[PDB]
file structure30.txt (compact mmCIF, C-alpha atoms)
# COMPACT_ATOMS: atom_id res chain seq x y z
CA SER I 1 106.97 85.24 109.10
CA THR I 2 108.11 87.84 106.59
CA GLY I 3 106.87 89.55 103.48
CA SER I 4 108.61 91.28 100.58
CA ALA I 5 106.97 93.28 97.80
CA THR I 6 108.22 95.43 94.94
CA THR I 7 106.98 99.02 94.89
CA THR I 8 106.85 100.83 91.52
CA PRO I 9 106.66 104.53 90.63
CA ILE I 10 103.30 105.44 89.09
CA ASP I 11 104.91 107.82 86.62
CA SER I 12 108.20 109.22 85.35
CA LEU I 13 108.43 111.76 88.20
CA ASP I 14 108.00 109.31 91.10
CA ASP I 15 104.85 111.20 92.14
CA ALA I 16 103.90 108.13 94.15
CA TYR I 17 104.60 104.42 94.43
CA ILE I 18 102.23 101.44 94.07
CA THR I 19 102.65 98.00 95.60
CA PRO I 20 100.52 94.95 94.69
CA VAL I 21 98.29 93.64 97.48
CA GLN I 22 96.19 90.48 97.46
CA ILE I 23 92.73 90.89 99.01
CA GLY I 24 90.17 88.18 99.61
CA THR I 25 89.52 84.64 98.41
CA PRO I 26 90.18 84.05 95.56
CA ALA I 27 92.75 86.83 95.60
CA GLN I 28 91.85 90.17 94.12
CA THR I 29 95.06 92.04 93.40
CA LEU I 30 94.93 95.80 93.80
CA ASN I 31 97.83 98.25 93.49
CA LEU I 32 97.95 100.29 96.66
CA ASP I 33 99.81 103.39 97.80
CA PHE I 34 101.70 102.38 100.96
CA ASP I 35 101.41 105.41 103.22
CA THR I 36 103.44 105.73 106.43
CA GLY I 37 101.55 109.01 106.98
CA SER I 38 98.07 107.50 107.48
CA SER I 39 96.46 104.46 108.98
CA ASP I 40 93.52 103.39 106.83
CA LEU I 41 93.61 100.53 104.31
CA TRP I 42 91.00 101.60 101.78
CA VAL I 43 90.19 100.48 98.26
CA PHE I 44 88.20 101.36 95.20
CA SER I 45 85.34 98.89 95.19
CA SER I 46 82.14 97.63 93.67
CA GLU I 47 80.50 100.06 96.09
CA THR I 48 82.31 103.17 94.81
CA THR I 49 80.05 105.73 93.06
CA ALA I 50 80.34 104.73 89.39
CA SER I 51 81.04 108.26 88.17
CA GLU I 52 84.05 108.38 90.53
CA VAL I 53 85.76 105.27 89.12
CA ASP I 54 88.01 105.83 86.06
CA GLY I 55 90.33 102.94 85.28
CA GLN I 56 91.04 101.70 88.79
CA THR I 57 90.93 98.05 89.77
CA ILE I 58 88.11 97.50 92.27
CA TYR I 59 87.66 95.18 95.22
CA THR I 60 84.38 93.27 95.07
CA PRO I 61 83.57 91.92 98.57
CA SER I 62 80.65 89.79 97.35
CA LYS I 63 83.12 87.74 95.24
CA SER I 64 85.32 86.94 98.25
CA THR I 65 84.37 83.96 100.36
CA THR I 66 86.39 85.29 103.30
CA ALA I 67 84.90 88.83 103.26
CA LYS I 68 82.71 89.76 106.23
CA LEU I 69 80.82 93.04 106.66
CA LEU I 70 82.02 94.92 109.73
CA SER I 71 78.52 95.74 110.82
CA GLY I 72 77.82 99.38 111.57
CA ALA I 73 81.34 100.49 110.68
CA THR I 74 82.06 103.55 108.60
CA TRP I 75 85.17 105.52 107.73
CA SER I 76 85.96 108.96 106.38
CA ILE I 77 89.37 110.45 105.78
CA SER I 78 90.82 113.73 104.56
CA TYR I 79 94.46 114.04 103.56
CA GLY I 80 96.97 116.90 103.75
CA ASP I 81 96.75 117.51 100.00
CA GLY I 82 93.02 118.13 100.33
CA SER I 83 91.84 114.82 98.91
CA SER I 84 89.32 112.59 100.70
CA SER I 85 87.34 109.36 100.65
CA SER I 86 84.75 107.53 102.75
CA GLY I 87 82.64 104.38 102.96
CA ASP I 88 81.97 101.16 104.86
CA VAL I 89 84.18 98.31 106.08
CA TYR I 90 84.74 94.61 105.51
CA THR I 91 87.20 92.28 107.16
CA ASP I 92 89.08 90.01 104.78
CA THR I 93 92.35 88.24 104.13
CA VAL I 94 95.11 90.57 102.96
CA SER I 95 98.53 89.45 101.75
CA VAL I 96 101.56 91.55 100.92
CA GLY I 97 104.51 89.87 99.28
CA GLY I 98 103.86 86.49 100.87
CA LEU I 99 102.83 87.85 104.28
CA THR I 100 99.20 87.15 105.15
CA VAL I 101 96.85 88.78 107.66
CA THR I 102 93.41 87.31 108.28
CA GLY I 103 90.65 89.60 109.55
CA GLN I 104 92.20 92.81 108.19
CA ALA I 105 89.85 95.80 108.01
CA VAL I 106 89.46 96.61 104.34
CA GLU I 107 87.72 99.97 104.02
CA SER I 108 85.49 100.01 100.97
CA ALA I 109 85.06 103.40 99.33
CA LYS I 110 81.59 104.63 98.54
CA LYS I 111 82.96 108.10 97.71
CA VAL I 112 86.38 109.38 96.61
CA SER I 113 87.47 112.92 95.75
CA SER I 114 88.50 114.06 92.30
CA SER I 115 92.22 113.54 92.62
CA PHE I 116 91.72 109.88 93.39
CA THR I 117 89.36 109.37 90.42
CA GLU I 118 91.81 111.17 88.17
CA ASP I 119 94.69 108.87 89.10
CA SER I 120 93.97 105.59 87.34
CA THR I 121 97.13 103.89 88.70
CA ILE I 122 96.26 103.96 92.42
CA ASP I 123 93.54 101.52 93.56
CA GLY I 124 93.65 102.54 97.21
CA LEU I 125 95.93 103.23 100.16
CA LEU I 126 97.52 100.97 102.74
CA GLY I 127 98.28 102.97 105.85
CA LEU I 128 101.39 102.26 107.91
CA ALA I 129 101.28 105.04 110.50
CA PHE I 130 100.06 104.20 113.99
CA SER I 131 96.61 102.71 114.41
CA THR I 132 95.56 105.58 116.67
CA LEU I 133 95.01 107.57 113.42
CA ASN I 134 92.64 104.98 111.91
CA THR I 135 89.29 106.58 111.08
CA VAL I 136 86.93 103.61 111.38
CA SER I 137 83.98 104.33 113.66
CA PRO I 138 82.66 103.23 116.15
CA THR I 139 85.49 100.71 116.56
CA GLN I 140 88.89 101.92 115.42
CA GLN I 141 90.75 99.33 113.36
CA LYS I 142 94.39 98.21 113.24
CA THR I 143 96.81 98.69 110.35
CA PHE I 144 98.16 95.80 108.30
CA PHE I 145 101.52 96.13 110.10
CA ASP I 146 99.91 96.22 113.53
CA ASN I 147 97.94 93.06 112.77
CA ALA I 148 101.02 91.29 111.36
CA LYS I 149 103.48 92.49 114.01
CA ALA I 150 103.30 89.61 116.48
CA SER I 151 103.79 87.04 113.73
CA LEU I 152 106.76 88.77 112.13
CA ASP I 153 110.27 87.46 112.77
CA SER I 154 111.11 91.00 113.90
CA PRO I 155 108.49 93.75 114.50
CA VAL I 156 109.68 96.04 111.67
CA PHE I 157 109.05 97.00 108.11
CA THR I 158 111.44 98.74 105.75
CA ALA I 159 111.02 101.17 102.87
CA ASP I 160 113.53 101.17 100.05
CA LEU I 161 112.11 103.52 97.43
CA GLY I 162 113.75 103.86 94.07
CA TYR I 163 114.69 106.96 92.11
CA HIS I 164 112.99 106.58 88.74
CA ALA I 165 113.03 102.87 89.48
CA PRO I 166 111.29 100.12 91.44
CA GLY I 167 112.04 99.55 95.09
CA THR I 168 111.00 97.30 97.95
CA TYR I 169 108.85 97.14 101.05
CA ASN I 170 109.91 94.38 103.43
CA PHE I 171 108.05 93.17 106.48
CA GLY I 172 109.63 91.37 109.39
CA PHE I 173 113.31 91.51 108.47
CA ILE I 174 116.14 93.85 107.56
CA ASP I 175 117.85 93.06 104.24
CA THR I 176 121.49 93.77 105.04
CA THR I 177 122.38 93.69 101.32
CA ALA I 178 120.09 96.63 100.56
CA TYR I 179 122.16 99.44 102.10
CA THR I 180 125.72 100.65 102.60
CA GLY I 181 127.41 101.43 105.90
CA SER I 182 125.37 101.18 109.07
CA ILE I 183 121.80 101.98 110.00
CA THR I 184 121.49 104.94 112.36
CA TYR I 185 118.46 104.78 114.61
CA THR I 186 116.70 107.83 115.99
CA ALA I 187 113.87 108.36 118.50
CA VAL I 188 110.20 108.47 117.46
CA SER I 189 107.29 110.29 119.03
CA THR I 190 103.94 108.58 118.46
CA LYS I 191 101.98 111.37 120.16
CA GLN I 192 100.45 112.58 116.88
CA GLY I 193 100.13 109.06 115.44
CA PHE I 194 102.99 109.58 112.98
CA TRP I 195 106.53 108.27 112.55
CA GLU I 196 107.71 111.59 113.95
CA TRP I 197 111.39 112.24 114.57
CA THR I 198 113.94 115.04 114.83
CA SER I 199 116.59 115.55 112.19
CA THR I 200 119.85 117.05 113.47
CA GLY I 201 120.28 119.57 110.64
CA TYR I 202 121.10 120.10 107.00
CA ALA I 203 123.57 121.12 104.31
CA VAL I 204 123.05 122.52 100.80
CA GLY I 205 125.35 121.03 98.17
CA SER I 206 128.99 121.14 99.30
CA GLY I 207 128.07 123.65 101.99
CA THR I 208 128.78 123.42 105.69
CA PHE I 209 126.38 121.43 107.82
CA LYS I 210 123.98 123.48 109.93
CA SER I 211 123.17 121.86 113.26
CA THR I 212 119.54 122.57 114.00
CA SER I 213 116.65 120.40 115.17
CA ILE I 214 113.98 119.76 112.56
CA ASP I 215 110.95 117.88 113.81
CA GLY I 216 109.09 116.05 111.06
CA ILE I 217 107.41 112.86 109.87
CA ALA I 218 108.67 110.03 107.70
CA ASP I 219 105.84 109.89 105.15
CA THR I 220 105.99 107.55 102.14
CA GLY I 221 102.62 108.88 101.05
CA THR I 222 103.84 112.43 100.44
CA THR I 223 105.81 113.07 97.25
CA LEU I 224 108.02 116.00 98.23
CA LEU I 225 110.26 117.21 101.06
CA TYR I 226 108.54 119.93 103.13
CA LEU I 227 110.81 121.85 105.48
CA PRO I 228 110.86 125.18 107.33
CA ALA I 229 110.85 128.29 105.13
CA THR I 230 114.34 129.31 106.34
CA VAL I 231 115.83 125.98 105.25
CA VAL I 232 114.00 125.92 101.95
CA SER I 233 115.04 129.50 101.18
CA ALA I 234 118.68 128.63 101.88
CA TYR I 235 118.42 125.73 99.42
CA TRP I 236 116.83 127.58 96.52
CA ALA I 237 119.15 130.57 96.95
CA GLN I 238 121.84 128.27 95.56
CA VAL I 239 119.90 127.68 92.33
CA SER I 240 120.26 130.40 89.74
CA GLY I 241 116.93 131.65 88.53
CA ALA I 242 114.93 129.88 91.24
CA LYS I 243 111.97 131.73 92.72
CA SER I 244 108.91 131.12 94.88
CA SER I 245 105.83 131.47 92.69
CA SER I 246 102.51 132.05 94.41
CA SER I 247 100.63 131.33 91.17
CA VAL I 248 102.32 127.95 90.87
CA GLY I 249 102.28 127.29 94.61
CA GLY I 250 105.94 127.00 95.48
CA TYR I 251 109.53 127.15 94.31
CA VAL I 252 110.20 126.77 90.60
CA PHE I 253 113.47 126.87 88.72
CA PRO I 254 114.81 127.01 85.17
CA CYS I 255 114.98 123.56 83.83
CA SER I 256 118.51 124.47 82.55
CA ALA I 257 119.81 124.90 86.12
CA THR I 258 121.95 122.41 88.05
CA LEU I 259 120.43 121.42 91.37
CA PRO I 260 122.68 121.00 94.38
CA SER I 261 122.29 118.03 96.66
CA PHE I 262 120.55 118.35 100.00
CA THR I 263 121.88 116.62 103.10
CA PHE I 264 119.82 115.96 106.24
CA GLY I 265 121.12 114.74 109.57
CA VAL I 266 120.16 111.55 111.35
CA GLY I 267 121.94 111.75 114.66
CA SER I 268 125.60 112.09 113.73
CA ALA I 269 124.96 110.39 110.34
CA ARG I 270 124.11 112.11 107.05
CA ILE I 271 121.73 111.25 104.21
CA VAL I 272 122.49 112.92 100.88
CA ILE I 273 119.65 113.63 98.45
CA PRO I 274 121.20 114.04 94.98
CA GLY I 275 120.19 117.20 93.15
CA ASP I 276 118.42 115.21 90.42
CA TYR I 277 115.93 113.87 93.00
CA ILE I 278 114.73 117.43 93.59
CA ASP I 279 113.61 117.97 89.94
CA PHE I 280 109.88 117.40 89.34
CA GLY I 281 109.75 118.62 85.81
CA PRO I 282 107.87 121.27 83.89
CA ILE I 283 105.07 123.02 85.77
CA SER I 284 103.04 122.48 82.59
CA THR I 285 103.72 120.56 79.39
CA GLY I 286 106.32 122.38 77.35
CA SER I 287 107.21 124.91 80.04
CA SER I 288 110.82 125.78 80.76
CA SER I 289 109.90 126.37 84.40
CA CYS I 290 110.39 123.27 86.57
CA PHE I 291 108.79 122.44 89.92
CA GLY I 292 111.07 121.99 92.90
CA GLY I 293 111.05 118.91 95.11
CA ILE I 294 111.90 120.82 98.29
CA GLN I 295 109.13 123.12 99.43
CA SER I 296 108.13 125.14 102.47
CA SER I 297 106.13 123.44 105.23
CA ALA I 298 104.93 126.84 106.50
CA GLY I 299 101.21 126.53 107.05
CA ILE I 300 101.21 122.72 106.83
CA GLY I 301 101.95 122.77 110.53
CA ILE I 302 104.47 119.94 110.33
CA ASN I 303 107.64 119.16 108.42
CA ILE I 304 107.34 116.17 106.07
CA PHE I 305 110.16 113.88 105.02
CA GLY I 306 108.37 112.61 101.95
CA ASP I 307 109.57 110.42 99.08
CA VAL I 308 112.19 112.94 97.88
CA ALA I 309 114.01 112.40 101.17
CA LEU I 310 113.10 108.79 101.93
CA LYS I 311 114.13 107.47 98.52
CA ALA I 312 117.71 108.61 99.19
CA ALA I 313 117.80 106.10 102.10
CA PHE I 314 117.04 102.64 103.32
CA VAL I 315 114.51 103.31 106.05
CA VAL I 316 113.60 101.05 108.98
CA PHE I 317 110.24 101.54 110.64
CA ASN I 318 110.87 99.77 113.94
CA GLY I 319 107.66 98.84 115.73
CA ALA I 320 109.29 97.56 118.89
CA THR I 321 107.58 98.45 122.16
CA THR I 322 109.32 101.80 121.91
CA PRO I 323 109.22 102.59 118.21
CA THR I 324 112.26 104.03 116.44
CA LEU I 325 113.34 104.96 112.91
CA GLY I 326 116.52 103.84 111.20
CA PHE I 327 118.21 105.45 108.20
CA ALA I 328 121.02 104.10 106.06
CA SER I 329 122.64 105.32 102.86
CA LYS I 330 122.36 102.98 99.88

call {"tool": "encode", "arguments": {"input": "structure30.txt", "output": "structure tokens"}}
result
Amino acid sequence: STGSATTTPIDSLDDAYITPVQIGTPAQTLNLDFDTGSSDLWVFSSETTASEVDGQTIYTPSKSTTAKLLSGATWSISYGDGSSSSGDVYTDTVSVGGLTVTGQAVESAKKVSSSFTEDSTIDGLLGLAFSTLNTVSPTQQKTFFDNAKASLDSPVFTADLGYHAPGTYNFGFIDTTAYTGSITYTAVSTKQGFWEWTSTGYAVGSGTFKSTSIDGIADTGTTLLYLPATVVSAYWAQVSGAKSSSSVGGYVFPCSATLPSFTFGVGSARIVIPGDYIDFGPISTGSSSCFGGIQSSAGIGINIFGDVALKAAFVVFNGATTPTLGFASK
């Protein structure tokens, strides 16, 4: 089997992407944030504290004839950006772009933190990291991809995120029309539960490529590119007027400046992030100071190849017995 679904930016900055997901019988369609940096499928629901729901579409298990309470199961998650949610668990039928899993753990939120309430466009998350990160207790649950894997034509999914435009998540096949050149594959460590790999270096604009190993994660659920402070400093030094602002919480730059591209290495191959991808607009409405899309990972404890980087490529998440990652230009 295969599945194919369109993923759409939630706003004009590509702060995140939502993908429609059918849950239950009859189908309840929720727009979920596909997150290769976590491993819980959770949704706003009929069980969510009423004061914490503000415009989201909710999953109502009692209206689904295929929903079953996972007795005794609870979940609780906290994300890198400080947000969190928690609740209980149902199993139900979940379909993504024509691909159907029966018995998928659907984690029903009883509580969500402010940032989730305040984002009306995201109805939940669908985790696509490794199932070892899943938070369901006492019995850890599998991700949608893990459950689908054996049925897929090929044990892979691909992320093709758009710049200021819709893109695609495919399951089970590689669309050879969706990228240019060849796909370069690189080794993955699953030891922290992430799609963790090592980039071979970087270049800033037309600058010379610096060969240096950068360990990080391919994370569709993180907006920006977080890299070591040395790298990030070398990038913003090429932008006139750019500075790191502690009050704002990272690098900002005059909206009148021209951003150079940023290149990262995948083996001997090179992915170029156009400068425009690194512009995340005014820090506040009407401000001439713009927020940068490349920021320091210092004190995150890991480098993160978020959407800014991933949307410059066609990315293969290869869930073969030994997982790997593939990157192609497009």

call {"tool": "closest_residue", "arguments": {"input": "structure30.txt", "among": "I:238, I:220, I:31, I:46", "to": "residue 259 (chain I)", "atoms": "all atoms listed in the file"}}
result
I:238

call {"tool": "residues_around", "arguments": {"input": "structure30.txt", "residues": "residue 17 (chain I)", "least_positions_apart": "5", "cutoff": "10 Å", "atoms": "only C-alpha atoms", "output": "ChimeraX atom specification"}}
result
/I:6-11,31-35,121-122,161-162,165-167,220-221,223,307

call {"tool": "axis_aligned_box", "arguments": {"input": "structure30.txt", "around": "region 89-101 of chain I", "padding_each_side": "6 Å", "output": "JSON"}}
result
{"center_x": 94.3, "center_y": 92.4, "center_z": 103.5, "size_x": 32.3, "size_y": 23.8, "size_z": 20.4}

call {"tool": "residues_near_point", "arguments": {"input": "structure30.txt", "point": "(80.9, 97.2, 94.2)", "cutoff": "8 Å", "atoms": "all atoms listed in the file", "output": "ChimeraX atom specification"}}
result
/I:45-48,58-61

call {"tool": "write_last_selection", "arguments": {"input": "structure30.txt", "atoms": "C-alpha atoms", "output": "PDB file, in the coordinates of the input"}}
result
ATOM      1  CA  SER I  45      85.340  98.890  95.190  1.00  0.00           C
ATOM      2  CA  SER I  46      82.140  97.630  93.670  1.00  0.00           C
ATOM      3  CA  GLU I  47      80.500 100.060  96.090  1.00  0.00           C
ATOM      4  CA  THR I  48      82.310 103.170  94.810  1.00  0.00           C
ATOM      5  CA  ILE I  58      88.110  97.500  92.270  1.00  0.00           C
ATOM      6  CA  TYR I  59      87.660  95.180  95.220  1.00  0.00           C
ATOM      7  CA  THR I  60      84.380  93.270  95.070  1.00  0.00           C
ATOM      8  CA  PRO I  61      83.570  91.920  98.570  1.00  0.00           C
TER       9      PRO I  61
END

call {"tool": "residues_around", "arguments": {"input": "structure30.txt", "residues": "residue 146 (chain I)", "least_positions_apart": "4", "cutoff": "10 Å", "atoms": "all atoms listed in the file", "output": "ChimeraX atom specification"}}
result
/I:101,104,128-131,141-142,150-151,155-156,319

call {"tool": "residues_around", "arguments": {"input": "structure30.txt", "residues": "residue 322 (chain I)", "least_positions_apart": "4", "cutoff": "10 Å", "atoms": "all atoms listed in the file", "output": "PyMOL selection string"}}
result
chain I and resi 187-190+318

call {"tool": "residues_near_point", "arguments": {"input": "structure30.txt", "point": "(85.0, 106.8, 116.5)", "cutoff": "12 Å", "atoms": "all atoms listed in the file", "output": "mmCIF file with C-alpha atoms, in the coordinates of the input"}}
result
data_model
loop_
_atom_site.group_PDB
_atom_site.id
_atom_site.type_symbol
_atom_site.label_atom_id
_atom_site.label_comp_id
_atom_site.auth_asym_id
_atom_site.auth_seq_id
_atom_site.Cartn_x
_atom_site.Cartn_y
_atom_site.Cartn_z
ATOM 1 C CA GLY I 72 77.820 99.380 111.570
ATOM 2 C CA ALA I 73 81.340 100.490 110.680
ATOM 3 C CA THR I 74 82.060 103.550 108.600
ATOM 4 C CA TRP I 75 85.170 105.520 107.730
ATOM 5 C CA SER I 76 85.960 108.960 106.380
ATOM 6 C CA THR I 132 95.560 105.580 116.670
ATOM 7 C CA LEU I 133 95.010 107.570 113.420
ATOM 8 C CA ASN I 134 92.640 104.980 111.910
ATOM 9 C CA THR I 135 89.290 106.580 111.080
ATOM 10 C CA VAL I 136 86.930 103.610 111.380
ATOM 11 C CA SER I 137 83.980 104.330 113.660
ATOM 12 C CA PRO I 138 82.660 103.230 116.150
ATOM 13 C CA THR I 139 85.490 100.710 116.560
ATOM 14 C CA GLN I 140 88.890 101.920 115.420
ATOM 15 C CA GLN I 141 90.750 99.330 113.360
#

call {"tool": "residues_around", "arguments": {"input": "structure30.txt", "residues": "region 267-283 of chain I", "least_positions_apart": "4", "cutoff": "6 Å", "atoms": "only C-alpha atoms", "output": "list in words"}}
result
residues 13, 200, 259, 260, 261, 262, 263, 287, 289, 290, 291, 292, 293 and 312 of chain I

call {"tool": "atom_distance", "arguments": {"input": "structure30.txt", "atom1": "CA of residue 83 (chain I)", "atom2": "CA of residue 71 (chain I)"}}
result
26.1 Å

call {"tool": "atom_distance", "arguments": {"input": "structure30.txt", "atom1": "CA of residue 110 (chain I)", "atom2": "CA of residue 39 (chain I)"}}
result
18.2 Å

call {"tool": "residues_around", "arguments": {"input": "structure30.txt", "residues": "residue 224 (chain I)", "least_positions_apart": "6", "cutoff": "8 Å", "atoms": "all atoms listed in the file", "output": "PyMOL selection string"}}
result
chain I and resi 293-295+304-309

call {"tool": "atom_distance", "arguments": {"input": "structure30.txt", "atom1": "CA of residue 120 (chain I)", "atom2": "CA of residue 44 (chain I)"}}
result
10.6 Å
